[PDB]
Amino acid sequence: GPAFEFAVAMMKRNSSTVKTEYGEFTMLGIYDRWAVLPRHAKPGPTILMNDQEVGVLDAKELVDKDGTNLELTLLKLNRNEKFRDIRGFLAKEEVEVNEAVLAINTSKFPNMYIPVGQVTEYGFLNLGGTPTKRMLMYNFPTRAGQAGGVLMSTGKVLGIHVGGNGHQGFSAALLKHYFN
């Protein structure tokens, strides 16, 4: 209810459609010129952001202290505009929630919002071969083309949708300390 209202404003102010050599993704700007994509978007030196060519200054594929994968790439973008700082909507640890909204913004899915219900800290997961941590889980007739989707509840940006098995979907938690 209030979750949808938060989602729509957030997507309008901070999201974009991104095209890489590996597909089309929703991308969430976080602050300054830093954005986040699913790791498997494998952004190169340049991406297409909102049908518009944009240069990529830096790119960190995030991992935890064991080297385990977190399935997130942070990118610094060669653009003049700065993103509204949303680092205050990110938790410091994994957030479990009863009602969440998954928001998608690609050309295959232009401005769609999905009520996904219960979000649960799944923990570990083998994902496309790679073992992965800090996953959140929800019950989701998934499809491809939603990777990058932003998982939200009221006042909280919870994580980025990175995968699914046809029956459940998985978001990488978007944690505050990633963005110091």
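Start at 1 with the first residue shown and count on from there.
Stretches 111-119 and 139-147 differ in mean C-alpha B factor, with the higher average recorded for 139-147. Of the two segments examined, 48-56 and 23-31, it is 48-56 that shows the higher average Cα temperature factor in the deposited entry. Ranking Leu37, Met152, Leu70, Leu125 by Cα temperature factor from the entry places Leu125 first. Of the candidates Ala100, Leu90, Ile104, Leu77, the deposited coordinates give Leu77 the top C-alpha B factor. When the modelled residues of the chain are ordered by C-alpha B-factor, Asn165 sits in the highest third.
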